[PDB]
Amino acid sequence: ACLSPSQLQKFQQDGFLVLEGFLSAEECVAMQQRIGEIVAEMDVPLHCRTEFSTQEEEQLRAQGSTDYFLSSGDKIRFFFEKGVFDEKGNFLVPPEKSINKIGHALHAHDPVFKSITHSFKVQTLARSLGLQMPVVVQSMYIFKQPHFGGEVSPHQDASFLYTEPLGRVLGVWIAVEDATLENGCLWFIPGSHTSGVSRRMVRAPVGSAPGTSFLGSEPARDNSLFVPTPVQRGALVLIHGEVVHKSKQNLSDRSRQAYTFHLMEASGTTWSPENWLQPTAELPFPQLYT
């Protein structure tokens, strides 16, 4: 729950912190079980139903997909592995075995994830971090399917969840299953969170033309600078908004399920209107503290 002065210091130094056994095995089973039900009732998205042949379509598919993503801030939607489709856009395996991640409002529209997000343990940790008015800006469930579970390239979360000033966005990453060097565990570059961000993702403003694009670019960095952070089920990994982290493709037989959510210190902070994710009247970023 609450961090000791020591762990608190380590976080400031590294930009991330590993807290083994944060959650119990039963809490992990609860998430695993519920996500299983959510996948079972899933409907393949409109843009993923129709296959394509010409760009006239392949393009319209990528557009519907973009719109699907852009308006998922307050929904529970499915995003699939990019390489699980043939060339005409057909699934190579069942869609329910092709899901890369689910988001982005599990924390608000699902009782199990919501309850876990606002638990006693999470609120105290947040308090021990001195968070004033923390709100939940987004949440995701990441599968890391066996054998092709997509890699997540090097990045900083503030690149997508930009604010003013920086240092106001924090990520909570929870291992539902064991994360190892074999199944796509996280890797961090310790101390890489003190020089701001090099890139930012932005969405088209008022004026239709719905879409995303980047400003700046990820500076290639020394791969040897990454340190792996394999953890056992139930571990929580705190992720500073500017720390550089990544995860390799899952080449093992087991998946590497994880539940994540990001908090923003609303106190004296301004959420960039250019972030793809904007709060809706229905779901303005909810408070963490209960």
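Don't overthink the numbering: it's just position in the shown sequence, from 1.
Stretch comparison (13-21 versus 265-273) by mean CA B-factor in the PDB entry places 265-273 on top. Higher mean CA temperature factor, per the PDB entry, when comparing 43-51 with 65-73: 43-51. Comparing C-alpha B-factors across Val172, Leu129, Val112, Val197 in the deposited entry, the largest value falls on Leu129. In the deposited coordinates, the residue among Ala258, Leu60, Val243, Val231 with the greatest CA B-factor is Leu60. Among all modelled residues in this chain, the alpha-carbon of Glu26 has a temperature factor (C-alpha) in the middle third. When the modelled residues of the chain are ordered by C-alpha B-factor, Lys88 sits in the highest third.
Annotation for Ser217: C-alpha temperature factor in the highest third relative to the rest of the modelled chain, per the entry. Ranked within its chain, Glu182 lands in the middle third, by CA B factor from the PDB record. Among all modelled residues in this chain, the alpha-carbon of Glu96 has a temperature factor (C-alpha) in the middle third.
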